[PDB]
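Right, one structure below, let's go through it.
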Amino acid sequence: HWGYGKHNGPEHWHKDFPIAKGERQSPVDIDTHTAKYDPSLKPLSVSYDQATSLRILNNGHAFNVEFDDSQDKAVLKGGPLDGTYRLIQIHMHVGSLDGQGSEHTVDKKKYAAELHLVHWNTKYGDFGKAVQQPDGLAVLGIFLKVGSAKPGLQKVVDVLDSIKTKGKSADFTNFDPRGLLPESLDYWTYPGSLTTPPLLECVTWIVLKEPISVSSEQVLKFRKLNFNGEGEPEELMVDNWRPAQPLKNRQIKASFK
Ligand SMILES: [Cu+2]
């Protein structure tokens, strides 16, 4: 199996999933001084108006909000993308200390957490088929930094008690993901992979420059989930992040100067 522990952590993943040592693995450190600004990139289009959330679940790796992706309700397009990408899931990578938690780093700096809004290319029929394509997924990464409480996240915060342990799930309809975005849509983009097994290199990464803020109380609560199942020794779901991987010969582009 796999996890974030000493014996099944990121350093062990390559034995079950050889692609862990591939050419386009994620996350990566974003060196703001070498990223290439590209004014040819069309603007990032986020259309979450009729988004329809379904459930929130603790799969032992993170909390996950699942959406109905049977139609073009909550979609992502524009930016470096060709076609339409449907939102299917949102989860969070969180640290144990405010100075760590994010998967992507900026000039080596790590944020307290990182939200990943996963979308898949509609020209592929469904998510399962999409992950098998180099351009099958588009994942929006949003950093979290301590500040004023974030209303959009309080919705999640308010339900955490119900999904404390691995396998627990709860109804999570009428959740508006628009509430998870910072003011600016400026971003960095590069070709990468899923950051948890199977680690398929099928995603176009779009990492927002502006982190959203969350209150200390909110962050504390997001660290109260468990990796373990109910009844087993309690293992706090903290530091469920994969460290930065070798960029190799990939170019990180910026949508802003
Ligand atoms: Cu993720």
Query raised in the report: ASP49 to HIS33: extension gain in nm, 0.36 nm per residue of separation minus the Cα-Cα distance?
Result: 2.2 nm
Report task. Could you tell me which trypsin sites (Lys or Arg not before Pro) in region 2-74 are loop residues by DSSP with no more than 12 other beta carbons within 10 angstrom of their beta carbon? Result -> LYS6
Query - Net lengthening on full extension, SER184/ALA149 (0.36 nm per residue, minus Cα-Cα) - result: 10.8 nm
Requested in this report: Indicate the gyration tensor shape class of region 98-236 (rounded, prolate or oblate), computed on the Cα atoms with a ≥ b ≥ c the square roots of the eigenvalues: a/c under 1.5 is rounded; otherwise a/b larger than b/c is prolate and the rest oblate.
Outcome: oblate
Query raised in the report: Roughly how big is region 126-257's charge dipole about its Cα centre, with Cβ charges of +1 (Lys, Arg) and -1 (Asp, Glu), in debye to the nearest 20?
Result: 460
Query raised in the report: Does region 1-98 come out rounded, prolate or oblate by the C-alpha gyration tensor, with a ≥ b ≥ c the root eigenvalues, rounded set by a/c under 1.5 and, if not, prolate when a/b is larger than b/c and oblate if not?
Result: oblate
Query raised in the report: Using helices alone, what [θ] at 222 nm do you get for the chain, with -39,500 (n - 2.57) per DSSP H run of 4 or more residues, divided over all residues and rounded to the nearest 500?
Result: -1500 deg cm²/dmol
**Report entry** Length-normalised contact order of the chain in % [C-alpha pairs under 8 Å, at least 6 apart]
**Finding:** 26
Query - Hydrodynamic radius (Kirkwood) for the chain, which is based on Cα pairs only, to one decimal in Å - result: 18.3
Query raised in the report: Across region 160-173, in residue order, what do the Karplus-derived ³J(HN,Hα) couplings come to in whole Hz, using 6.51 cos²θ - 1.76 cosθ + 1.60 with θ = phi - 60° and x for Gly and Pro?
Result: 3, 4, 5, 10, 3, 10, 4, x, 6, 9, 8, 5, 8, 7
**Report entry** Length added when fully stretched, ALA170-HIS14, from 0.36 nm per residue minus Cα-Cα
**Finding:** 52.9 nm
Query raised in the report: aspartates and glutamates near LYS42 by alpha-carbon distance under 15 Å, same-chain residues fewer than 8 away left out - which ones?
Result: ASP82, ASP186
Query raised in the report: Taking the Cα-to-Cβ direction at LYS73 and at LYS108 and moving 7 Å from each Cα, how far apart do the two end points lie in nm?
Result: 4.5
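Laboratory data are not the source of any read-out in this text; all were calculated from the coordinates shown. Using ideal geometry, Cβ is built from the backbone for each residue, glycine included, and neighbour counts are taken over all protein chains shown.
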